[PDB]
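Everything below belongs to input_21.csv, which stores CSV, C-alpha atoms and all ligand atoms.
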chain,number,residue,atom,x,y,z
A,11,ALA,CA,80.4,113.1,122.3
A,12,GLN,CA,83.4,114.8,120.7
A,13,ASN,CA,83.1,118.3,119.3
A,14,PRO,CA,79.6,118.9,120.5
A,15,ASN,CA,79.5,122.6,119.5
A,16,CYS,CA,80.3,121.4,115.8
A,17,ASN,CA,83.4,123.7,115.5
A,18,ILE,CA,85.5,123.4,112.4
A,19,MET,CA,88.6,121.4,113.4
A,20,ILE,CA,92.1,121.9,112.0
A,21,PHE,CA,94.5,119.0,111.7
A,22,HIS,CA,98.3,118.9,111.4
A,23,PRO,CA,99.3,115.3,110.5
A,24,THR,CA,102.9,114.2,110.6
A,25,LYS,CA,104.4,112.7,107.5
A,26,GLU,CA,103.9,109.3,109.1
A,27,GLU,CA,100.3,110.0,109.7
A,28,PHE,CA,99.9,111.2,106.1
A,29,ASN,CA,100.4,107.7,104.6
A,30,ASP,CA,97.1,106.1,105.1
A,31,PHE,CA,94.3,108.4,103.9
A,32,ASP,CA,91.3,106.3,105.1
A,33,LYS,CA,92.8,105.8,108.5
A,34,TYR,CA,93.3,109.6,108.9
A,35,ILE,CA,89.8,110.4,107.9
A,36,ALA,CA,88.6,107.8,110.5
A,37,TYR,CA,90.9,109.5,113.1
A,38,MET,CA,89.4,112.9,112.3
A,39,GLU,CA,85.9,111.5,112.8
A,40,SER,CA,87.0,109.9,116.1
A,41,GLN,CA,87.7,113.5,117.2
A,42,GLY,CA,84.3,114.8,116.1
A,43,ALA,CA,85.5,116.6,113.0
A,44,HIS,CA,82.5,115.6,110.9
A,45,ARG,CA,80.1,117.3,113.2
A,46,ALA,CA,81.2,120.7,111.8
A,47,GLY,CA,80.6,119.6,108.2
A,48,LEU,CA,84.1,120.8,107.2
A,49,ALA,CA,87.7,120.2,108.4
A,50,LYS,CA,91.0,121.7,107.4
A,51,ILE,CA,94.1,119.6,107.0
A,52,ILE,CA,97.5,121.2,106.9
A,53,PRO,CA,99.9,118.8,105.1
A,54,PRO,CA,103.3,117.8,106.8
A,55,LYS,CA,106.0,120.4,106.1
A,56,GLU,CA,107.9,117.8,104.0
A,57,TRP,CA,105.0,117.1,101.6
A,58,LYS,CA,104.5,118.7,98.2
A,59,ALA,CA,101.8,118.2,95.6
A,60,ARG,CA,104.2,118.8,92.8
A,61,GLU,CA,107.6,120.4,92.2
A,62,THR,CA,106.5,123.7,90.7
A,63,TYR,CA,103.4,125.3,89.0
A,64,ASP,CA,105.6,126.9,86.4
A,65,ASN,CA,104.0,125.3,83.4
A,66,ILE,CA,100.2,125.4,83.9
A,67,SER,CA,99.3,128.3,81.7
A,68,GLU,CA,98.5,126.1,78.8
A,69,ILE,CA,95.6,124.3,80.5
A,70,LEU,CA,92.4,125.1,78.7
A,71,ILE,CA,89.3,126.4,80.3
A,72,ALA,CA,86.9,125.3,77.6
A,73,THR,CA,83.8,126.9,79.1
A,74,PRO,CA,84.5,129.7,81.5
A,75,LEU,CA,81.4,130.7,83.5
A,76,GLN,CA,80.3,134.3,84.1
A,77,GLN,CA,78.5,134.3,87.4
A,78,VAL,CA,75.6,136.8,87.1
A,79,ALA,CA,73.7,137.6,90.3
A,80,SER,CA,70.1,138.5,91.0
A,81,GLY,CA,68.4,139.5,94.3
A,82,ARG,CA,69.7,141.5,97.3
A,83,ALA,CA,73.2,141.5,98.7
A,84,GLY,CA,72.6,138.9,101.4
A,85,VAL,CA,70.1,136.7,99.5
A,86,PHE,CA,70.8,136.1,95.8
A,87,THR,CA,70.9,133.6,93.0
A,88,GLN,CA,73.6,133.2,90.4
A,89,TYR,CA,73.3,132.1,86.9
A,90,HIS,CA,76.2,130.9,84.8
A,91,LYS,CA,76.6,132.4,81.4
A,92,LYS,CA,79.0,130.4,79.2
A,93,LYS,CA,82.0,132.4,77.7
A,94,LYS,CA,84.5,131.6,75.0
A,95,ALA,CA,87.3,129.3,75.8
A,96,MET,CA,90.5,130.6,77.2
A,97,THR,CA,93.9,129.3,78.5
A,98,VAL,CA,94.8,129.5,82.2
A,99,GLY,CA,97.4,132.1,81.2
A,100,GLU,CA,94.6,134.2,79.6
A,101,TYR,CA,92.4,133.7,82.6
A,102,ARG,CA,95.1,134.7,85.1
A,103,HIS,CA,95.7,137.9,83.1
A,104,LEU,CA,92.0,138.6,83.2
A,105,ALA,CA,91.8,137.9,87.0
A,106,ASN,CA,94.7,140.4,87.5
A,107,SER,CA,93.0,143.2,85.4
A,108,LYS,CA,91.7,146.3,86.9
A,109,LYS,CA,88.1,145.2,86.3
A,110,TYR,CA,88.4,141.9,88.0
A,111,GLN,CA,91.2,142.1,90.6
A,112,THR,CA,91.0,141.9,94.3
A,113,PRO,CA,90.4,145.4,95.9
A,114,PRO,CA,92.6,146.9,98.5
A,115,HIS,CA,91.7,145.6,101.9
A,116,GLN,CA,93.1,145.4,105.5
A,117,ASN,CA,92.7,141.7,106.2
A,118,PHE,CA,90.5,138.7,105.4
A,119,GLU,CA,87.6,140.2,107.5
A,120,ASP,CA,87.6,143.5,105.6
A,121,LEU,CA,87.6,141.5,102.4
A,122,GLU,CA,84.7,139.3,103.6
A,123,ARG,CA,82.8,142.5,104.3
A,124,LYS,CA,83.5,143.8,100.9
A,125,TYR,CA,82.5,140.5,99.2
A,126,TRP,CA,79.0,140.5,100.9
A,127,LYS,CA,78.5,144.2,100.4
A,128,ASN,CA,79.4,144.2,96.7
A,129,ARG,CA,79.3,140.7,95.1
A,130,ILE,CA,75.9,141.2,93.5
A,131,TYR,CA,77.1,144.2,91.5
A,132,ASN,CA,79.8,142.3,89.6
A,133,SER,CA,80.0,139.2,87.4
A,134,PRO,CA,83.3,137.3,88.0
A,135,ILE,CA,84.3,134.5,85.7
A,136,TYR,CA,84.9,131.0,87.1
A,137,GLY,CA,86.9,128.2,85.4
A,138,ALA,CA,85.1,125.5,87.2
A,139,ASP,CA,84.6,121.8,86.9
A,140,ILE,CA,87.6,121.1,84.6
A,141,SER,CA,88.4,117.3,84.5
A,142,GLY,CA,92.1,116.9,85.4
A,143,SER,CA,94.8,116.8,88.0
A,144,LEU,CA,97.7,118.9,89.1
A,145,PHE,CA,99.2,116.3,91.4
A,146,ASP,CA,102.5,114.8,90.3
A,147,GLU,CA,102.1,111.1,89.7
A,148,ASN,CA,105.1,110.6,92.0
A,149,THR,CA,103.2,112.2,94.9
A,150,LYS,CA,102.1,109.2,96.9
A,151,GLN,CA,100.3,110.8,99.9
A,152,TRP,CA,96.9,112.5,99.5
A,153,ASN,CA,97.1,112.6,95.7
A,154,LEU,CA,93.5,113.3,94.7
A,155,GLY,CA,94.0,111.5,91.5
A,156,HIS,CA,95.0,108.2,93.3
A,157,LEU,CA,92.2,107.9,95.8
A,158,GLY,CA,90.2,104.6,96.3
A,159,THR,CA,87.0,105.0,94.2
A,160,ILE,CA,83.5,105.3,95.4
A,161,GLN,CA,82.5,102.4,93.2
A,162,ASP,CA,85.1,100.3,95.0
A,163,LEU,CA,83.8,101.5,98.4
A,164,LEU,CA,80.3,100.5,97.5
A,165,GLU,CA,81.6,97.1,96.3
A,166,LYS,CA,83.6,96.5,99.5
A,167,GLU,CA,80.7,97.5,101.8
A,168,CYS,CA,77.7,96.2,99.9
A,169,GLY,CA,79.1,93.5,97.6
A,170,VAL,CA,77.6,95.0,94.4
A,171,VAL,CA,79.8,95.8,91.4
A,172,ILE,CA,78.8,98.8,89.4
A,173,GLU,CA,79.9,100.8,86.4
A,174,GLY,CA,81.3,104.3,86.7
A,175,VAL,CA,84.5,106.1,87.4
A,176,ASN,CA,85.6,108.9,89.9
A,177,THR,CA,88.1,111.6,88.7
A,178,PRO,CA,89.2,115.0,90.0
A,179,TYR,CA,88.2,118.4,88.9
A,180,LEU,CA,90.2,121.7,88.6
A,181,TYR,CA,88.8,125.0,89.6
A,182,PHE,CA,90.4,128.3,88.5
A,183,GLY,CA,89.0,131.2,90.5
A,184,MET,CA,89.2,135.0,90.7
A,185,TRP,CA,88.0,137.7,93.1
A,186,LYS,CA,84.3,137.2,93.9
A,187,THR,CA,84.0,133.8,92.2
A,188,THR,CA,81.4,132.0,94.2
A,189,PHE,CA,80.2,128.5,95.1
A,190,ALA,CA,76.6,128.4,96.1
A,191,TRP,CA,75.1,126.5,99.1
A,192,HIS,CA,75.2,122.8,98.5
A,193,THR,CA,75.9,119.4,99.7
A,194,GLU,CA,77.7,116.9,97.4
A,195,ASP,CA,76.1,114.6,94.9
A,196,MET,CA,74.5,111.7,96.9
A,197,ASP,CA,75.7,113.6,100.1
A,198,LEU,CA,79.3,112.3,99.5
A,199,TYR,CA,82.4,113.7,101.1
A,200,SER,CA,84.5,116.0,99.2
A,201,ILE,CA,88.2,116.9,99.4
A,202,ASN,CA,89.6,120.1,98.1
A,203,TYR,CA,93.3,121.0,97.7
A,204,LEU,CA,94.2,124.7,97.1
A,205,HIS,CA,97.2,124.3,94.7
A,206,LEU,CA,98.1,127.9,94.3
A,207,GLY,CA,97.1,131.5,94.6
A,208,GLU,CA,94.8,133.5,96.8
A,209,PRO,CA,92.6,132.1,99.5
A,210,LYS,CA,89.1,130.6,99.5
A,211,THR,CA,86.6,131.4,102.3
A,212,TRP,CA,84.2,128.7,103.3
A,213,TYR,CA,80.9,128.7,105.2
A,214,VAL,CA,79.4,125.5,106.5
A,215,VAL,CA,76.3,124.2,108.3
A,216,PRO,CA,76.8,121.2,110.6
A,217,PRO,CA,75.1,118.1,109.1
A,218,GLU,CA,72.9,117.7,112.1
A,219,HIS,CA,71.4,121.1,111.3
A,220,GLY,CA,71.2,120.9,107.5
A,221,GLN,CA,67.4,120.8,107.5
A,222,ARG,CA,67.4,124.2,109.2
A,223,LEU,CA,69.2,125.7,106.3
A,224,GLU,CA,66.8,123.9,103.9
A,225,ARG,CA,63.8,125.4,105.7
A,226,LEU,CA,65.3,128.9,105.5
A,227,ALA,CA,66.1,128.4,101.9
A,228,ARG,CA,62.5,127.5,101.1
A,229,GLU,CA,61.4,130.7,102.8
A,230,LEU,CA,64.0,132.9,101.0
A,231,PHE,CA,63.6,131.4,97.5
A,232,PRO,CA,59.9,130.5,97.5
A,233,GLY,CA,59.4,130.1,93.7
A,234,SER,CA,62.5,127.9,93.5
A,235,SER,CA,61.1,125.8,96.4
A,236,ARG,CA,57.8,125.3,94.6
A,237,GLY,CA,59.6,124.2,91.4
A,238,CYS,CA,61.7,121.5,93.0
A,239,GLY,CA,61.8,119.7,96.3
A,240,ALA,CA,65.6,119.7,96.3
A,241,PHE,CA,66.5,123.0,94.6
A,242,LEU,CA,69.7,123.5,96.5
A,243,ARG,CA,71.0,120.7,94.2
A,244,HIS,CA,70.9,123.4,91.5
A,245,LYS,CA,73.8,125.1,93.1
A,246,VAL,CA,72.5,128.6,92.5
A,247,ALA,CA,71.5,130.1,95.9
A,248,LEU,CA,73.5,132.3,98.2
A,249,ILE,CA,72.6,133.4,101.7
A,250,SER,CA,75.1,135.6,103.7
A,251,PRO,CA,76.3,135.1,107.2
A,252,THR,CA,74.4,138.1,108.4
A,253,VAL,CA,71.2,136.6,107.1
A,254,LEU,CA,72.0,133.2,108.6
A,255,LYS,CA,72.7,134.9,112.0
A,256,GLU,CA,69.4,136.8,111.7
A,257,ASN,CA,67.6,133.6,111.2
A,258,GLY,CA,69.3,131.5,113.9
A,259,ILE,CA,71.0,129.1,111.5
A,260,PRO,CA,74.1,127.4,113.0
A,261,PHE,CA,77.2,127.8,110.9
A,262,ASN,CA,80.9,128.3,110.9
A,263,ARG,CA,83.4,130.0,108.6
A,264,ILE,CA,87.1,129.4,107.8
A,265,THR,CA,89.6,130.6,105.2
A,266,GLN,CA,91.7,128.0,103.2
A,267,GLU,CA,95.1,129.2,102.0
A,268,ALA,CA,97.3,127.7,99.3
A,269,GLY,CA,98.8,124.4,100.3
A,270,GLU,CA,95.9,123.4,102.5
A,271,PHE,CA,93.2,120.7,102.2
A,272,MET,CA,89.6,121.0,103.2
A,273,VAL,CA,87.3,118.0,103.7
A,274,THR,CA,83.5,118.4,103.5
A,275,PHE,CA,81.5,115.6,105.3
A,276,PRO,CA,78.3,113.9,104.2
A,277,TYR,CA,75.4,116.3,104.2
A,278,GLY,CA,77.6,119.3,105.3
A,279,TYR,CA,76.1,122.3,103.4
A,280,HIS,CA,78.8,124.6,102.2
A,281,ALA,CA,79.3,127.9,100.2
A,282,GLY,CA,82.1,130.3,99.7
A,283,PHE,CA,84.1,132.6,97.5
A,284,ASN,CA,87.6,133.2,96.2
A,285,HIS,CA,89.8,136.1,97.2
A,286,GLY,CA,91.7,136.4,93.9
A,287,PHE,CA,93.3,134.3,91.2
A,288,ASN,CA,93.7,130.7,92.5
A,289,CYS,CA,93.5,127.0,91.4
A,290,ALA,CA,91.9,124.3,93.5
A,291,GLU,CA,91.5,120.5,92.8
A,292,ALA,CA,88.6,118.5,94.3
A,293,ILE,CA,87.0,115.1,94.2
A,294,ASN,CA,84.3,113.3,95.9
A,295,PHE,CA,84.9,110.2,98.0
A,296,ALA,CA,83.1,107.8,100.3
A,297,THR,CA,83.7,105.9,103.5
A,298,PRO,CA,81.6,103.2,105.2
A,299,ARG,CA,79.9,105.9,107.3
A,300,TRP,CA,78.7,107.6,104.1
A,301,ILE,CA,76.5,104.7,102.9
A,302,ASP,CA,73.5,105.6,105.1
A,303,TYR,CA,73.7,109.3,103.9
A,304,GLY,CA,73.7,108.1,100.4
A,305,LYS,CA,70.6,106.1,100.9
A,306,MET,CA,68.8,109.2,102.3
A,307,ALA,CA,70.1,111.9,100.0
A,308,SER,CA,67.6,114.2,98.4
A,309,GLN,CA,67.4,114.4,94.8
A,310,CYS,CA,66.4,117.0,92.2
A,311,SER,CA,63.9,115.3,89.8
A,312,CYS,CA,62.8,118.7,88.1
A,313,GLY,CA,65.6,118.2,85.7
A,314,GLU,CA,67.7,121.2,86.4
A,315,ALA,CA,70.6,119.5,88.4
A,316,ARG,CA,71.5,117.1,85.7
A,317,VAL,CA,74.4,115.0,87.0
A,318,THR,CA,77.0,112.4,86.1
A,319,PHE,CA,77.1,109.1,84.6
A,320,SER,CA,78.4,107.6,87.8
A,321,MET,CA,75.6,109.0,90.0
A,322,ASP,CA,73.2,106.8,88.0
A,323,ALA,CA,74.5,103.7,89.6
A,324,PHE,CA,74.5,105.2,93.1
A,325,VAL,CA,70.8,106.1,92.7
A,326,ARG,CA,70.0,102.7,91.2
A,327,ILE,CA,71.5,100.7,94.0
A,328,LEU,CA,71.0,102.9,97.1
A,329,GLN,CA,67.7,104.5,96.1
A,330,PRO,CA,65.8,102.0,93.9
A,331,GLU,CA,62.4,103.5,94.5
A,332,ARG,CA,63.6,106.9,93.4
A,333,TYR,CA,65.4,105.4,90.4
A,334,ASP,CA,62.6,105.7,87.7
A,335,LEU,CA,61.6,109.4,88.6
A,336,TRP,CA,65.2,110.7,89.1
A,337,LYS,CA,66.3,109.3,85.6
A,338,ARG,CA,63.1,111.0,84.1
A,339,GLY,CA,64.8,114.2,85.3
A,340,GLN,CA,68.1,113.1,83.9
A,341,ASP,CA,66.7,112.0,80.4
A,401,LIG,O1,86.0,125.2,95.2
A,401,LIG,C1,84.9,125.4,94.7
A,401,LIG,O2,84.4,126.2,93.9
A,401,LIG,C2,83.8,124.5,95.1
A,401,LIG,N1,84.3,123.3,95.8
A,401,LIG,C3,83.5,122.5,96.6
A,401,LIG,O3,82.2,122.7,96.7
A,401,LIG,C4,84.1,121.2,97.2
A,401,LIG,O4,85.3,121.1,97.2
A,401,LIG,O5,83.2,120.5,97.7
A,402,MG,MG,100.3,124.1,80.5
A,403,NI,NI,81.2,121.1,97.4
A,404,ZN,ZN,65.5,120.5,90.6

Target encoding structure tokens, full file:
Amino acid sequence: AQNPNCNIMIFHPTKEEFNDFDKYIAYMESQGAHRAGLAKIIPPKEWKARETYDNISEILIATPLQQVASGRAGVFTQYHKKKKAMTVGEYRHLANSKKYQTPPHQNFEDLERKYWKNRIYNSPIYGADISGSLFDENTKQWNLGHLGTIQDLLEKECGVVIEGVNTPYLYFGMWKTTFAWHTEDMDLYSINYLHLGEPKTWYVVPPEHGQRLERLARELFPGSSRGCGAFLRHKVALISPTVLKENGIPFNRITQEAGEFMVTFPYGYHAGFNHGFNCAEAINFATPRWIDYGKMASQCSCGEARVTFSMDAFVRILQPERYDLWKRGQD
């Protein structure tokens, strides 16, 4: 078995190898990449997502989210308080302010220490989940707005034609902005490209060990666990590496820099934080190997996780017994 220790793998495709996205994902899996839950892909040196970022300041962040934490430094939840709209230019200025900017630090490790020590005491503002793309339409390779759609994968594999569309999302981050422990909707893959700015640190649990993280999470967030059988779908809980190590949970960490792609694999729990002002683009995707994970994916039926139009059809076709109760949560 390849990659038996479930290490995060880093790939350096040539421009030739960068032409066929599906084929490259299947190659990475042939090398065991999916066992980690997360892989890094460094694009060929000739490739660019677009010519410049010089004219992005007029993008609107219609609902910036202030991420308020509760709990202790290593075990906390975050709630998102909606803020008034602002442009990316306004947000970047805010991120660079004395109140919100990245502190002095020695290296990524010192910064990671400072994030875990101090996150809970601040409420950074995240411009998350903005429909749109920053790929130039002329970028033909690994353009996250031109991928094959999940509906078309399901149709090719299973023969069933369903409604729904699949489009990317922009994320504008600042120091301490945080993504909580989660897998993707329907345990899909994700791909994330860091367009610009400061890095993003990721933590990931191998898919084969995901249930170990869930059992820890039920112990650490016991009222949340009683409220919902899949409360990590709410995307609110954080657990530090120190706490994961204390409790024997297998995980790995890696820092993504501007110009790099990350792939998360089905049922690969991930969490992380931004080092400073940045912009990422991400989208879900599927492969034939995903179908079985989609059939087995947990679902929030408490009503908190409240997800897309397109997830309806996935539930309806892959999880018909759940269908009924899950849509009671979503209506
Ligand atoms: O970048 C972030 O805030 C969150 N991204 C992801 O969880 C992803 O790409 O799957
Ligand atoms: Mg603009
Ligand atoms: Ni994700
Ligand atoms: Zn729920």

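Note that atom CA of residue 159 of chain A and atom CA of residue 328 of chain A are 16.4 Å apart.
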
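Computed from the coordinates, the atom CA of residue 221 of chain A to atom CA of residue 19 of chain A distance equals 22.0 Å.
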
Test item: residues lying within 10 Å of ligand NI 403 (chain A) with only C-alpha atoms and all ligand atoms, as an MDAnalysis selection string: chainID A and resid 189:195 197:202 245 273:275 278:282 292:294

Could you turn the residues from that selection into a file that holds C-alpha atoms, as a JSON list (two decimals), in the coordinates of the input?
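Listed below is the output, selection.json:
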[["chain", "number", "residue", "atom", "x", "y", "z"],
["A", 189, "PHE", "CA", 80.20, 128.50, 95.10],
["A", 190, "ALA", "CA", 76.60, 128.40, 96.10],
["A", 191, "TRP", "CA", 75.10, 126.50, 99.10],
["A", 192, "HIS", "CA", 75.20, 122.80, 98.50],
["A", 193, "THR", "CA", 75.90, 119.40, 99.70],
["A", 194, "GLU", "CA", 77.70, 116.90, 97.40],
["A", 195, "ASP", "CA", 76.10, 114.60, 94.90],
["A", 197, "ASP", "CA", 75.70, 113.60, 100.10],
["A", 198, "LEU", "CA", 79.30, 112.30, 99.50],
["A", 199, "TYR", "CA", 82.40, 113.70, 101.10],
["A", 200, "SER", "CA", 84.50, 116.00, 99.20],
["A", 201, "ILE", "CA", 88.20, 116.90, 99.40],
["A", 202, "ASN", "CA", 89.60, 120.10, 98.10],
["A", 245, "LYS", "CA", 73.80, 125.10, 93.10],
["A", 273, "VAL", "CA", 87.30, 118.00, 103.70],
["A", 274, "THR", "CA", 83.50, 118.40, 103.50],
["A", 275, "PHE", "CA", 81.50, 115.60, 105.30],
["A", 278, "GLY", "CA", 77.60, 119.30, 105.30],
["A", 279, "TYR", "CA", 76.10, 122.30, 103.40],
["A", 280, "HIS", "CA", 78.80, 124.60, 102.20],
["A", 281, "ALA", "CA", 79.30, 127.90, 100.20],
["A", 282, "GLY", "CA", 82.10, 130.30, 99.70],
["A", 292, "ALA", "CA", 88.60, 118.50, 94.30],
["A", 293, "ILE", "CA", 87.00, 115.10, 94.20],
["A", 294, "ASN", "CA", 84.30, 113.30, 95.90]]

Give me the residues within 7 Å of residue 151 of chain A as a ChimeraX atom specification, counting only C-alpha atoms and dropping any in the same chain fewer than 2 places off. /A:28-29,149,153

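Counting from atom CA of residue 144 of chain A, the distance to atom CA of residue 107 of chain A is 25.0 Å.
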
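A distance cut-off of 9 Å around (71.0, 125.6, 94.2), counting all atoms listed in the file, selects these protein and nucleic acid residues: residues 87, 88, 190, 191, 192, 234, 240, 241, 242, 243, 244, 245, 246, 247, 248 and 315 of chain A.
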
So that I have them on file, write out the residues from the current selection with C-alpha atoms, as a compact mmCIF listing (two decimals), keeping the file's coordinate frame.
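Generated file (result.txt):
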# COMPACT_ATOMS: atom_id res chain seq x y z
CA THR A 87 70.90 133.60 93.00
CA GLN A 88 73.60 133.20 90.40
CA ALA A 190 76.60 128.40 96.10
CA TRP A 191 75.10 126.50 99.10
CA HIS A 192 75.20 122.80 98.50
CA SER A 234 62.50 127.90 93.50
CA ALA A 240 65.60 119.70 96.30
CA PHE A 241 66.50 123.00 94.60
CA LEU A 242 69.70 123.50 96.50
CA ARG A 243 71.00 120.70 94.20
CA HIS A 244 70.90 123.40 91.50
CA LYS A 245 73.80 125.10 93.10
CA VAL A 246 72.50 128.60 92.50
CA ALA A 247 71.50 130.10 95.90
CA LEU A 248 73.50 132.30 98.20
CA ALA A 315 70.60 119.50 88.40

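Distances from A:216, A:169, A:178, A:137 to residue 49 of chain A were compared using all atoms listed in the file, and the smallest one belongs to A:216.
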
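For the set A:90, A:225, A:22, A:55, the residue with the smallest atom-to-atom gap to residue 138 of chain A is A:90, counting only C-alpha atoms.
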
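Comparing the minimum interatomic distances between ligand MG 402 (chain A) and each of A:69, A:188, A:100, A:224, counting all atoms listed in the file, we find that A:69 sits nearest.
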
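Distances to residue 123 of chain A were evaluated for A:158, A:103, A:223, A:83 using all atoms listed in the file, and the minimum falls at A:83.
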
Counting only C-alpha atoms, what is within 7 Å of segment 76-78 of chain A, bar same-chain residues fewer than 4 positions away, as a PDB file with C-alpha atoms, keeping the file's coordinate frame?
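Writing the result to result39.pdb gives the following:
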ATOM      1  CA  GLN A  88      73.600 133.200  90.400  1.00  0.00           C
ATOM      2  CA  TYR A  89      73.300 132.100  86.900  1.00  0.00           C
ATOM      3  CA  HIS A  90      76.200 130.900  84.800  1.00  0.00           C
ATOM      4  CA  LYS A  91      76.600 132.400  81.400  1.00  0.00           C
ATOM      5  CA  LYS A  92      79.000 130.400  79.200  1.00  0.00           C
ATOM      6  CA  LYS A  93      82.000 132.400  77.700  1.00  0.00           C
ATOM      7  CA  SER A 133      80.000 139.200  87.400  1.00  0.00           C
ATOM      8  CA  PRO A 134      83.300 137.300  88.000  1.00  0.00           C
ATOM      9  CA  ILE A 135      84.300 134.500  85.700  1.00  0.00           C
ATOM     10  CA  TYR A 136      84.900 131.000  87.100  1.00  0.00           C
TER      11      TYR A 136
END

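Nearest to ligand MG 402 (chain A) of all the residues A:309, A:61, A:46, A:66 is A:66, counting only C-alpha atoms and all ligand atoms.
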
Neighbouring residues of ligand MG 402 (chain A) are defined here as those with any atom at most 9 Å from a ligand atom, counting all atoms listed in the file; list them as number ranges by chain. A: 64-70, 97-99

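Close to (74.8, 99.1, 89.7), meaning no more than 9 Å away when counting only C-alpha atoms, sit the residues residues 170, 171, 172, 173, 174, 322, 323, 324, 325, 326 and 327 of chain A.
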
Dump of C-alpha atoms for the selected residues, as a CSV table (one decimal), keeping the file's coordinate frame:
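For reference, again_8.csv as written:
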chain,number,residue,atom,x,y,z
A,170,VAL,CA,77.6,95.0,94.4
A,171,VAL,CA,79.8,95.8,91.4
A,172,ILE,CA,78.8,98.8,89.4
A,173,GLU,CA,79.9,100.8,86.4
A,174,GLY,CA,81.3,104.3,86.7
A,322,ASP,CA,73.2,106.8,88.0
A,323,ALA,CA,74.5,103.7,89.6
A,324,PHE,CA,74.5,105.2,93.1
A,325,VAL,CA,70.8,106.1,92.7
A,326,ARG,CA,70.0,102.7,91.2
A,327,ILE,CA,71.5,100.7,94.0

Nearest to residue 302 of chain A, chosen from A:168, A:270, A:79, A:338, with only C-alpha atoms counted in the distances: A:168

Neighbouring residues of segment 179-185 of chain A were defined as those with any atom within 10 Å, considering only C-alpha atoms; residues of the same chain fewer than 5 positions away were excluded. Please report them as a ChimeraX atom specification. /A:71,74,98,101-102,104-106,110-113,125,129,133-144,154-155,202-210,283-294

If we count all atoms listed in the file and set the cut-off at 12 Å, which residues sit around residue 258 of chain A, ignoring sequence neighbours fewer than 6 positions away in its own chain? Please answer as JSON, numbers by chain. {"A": [215, 219, 222, 223, 225, 226, 251, 252]}
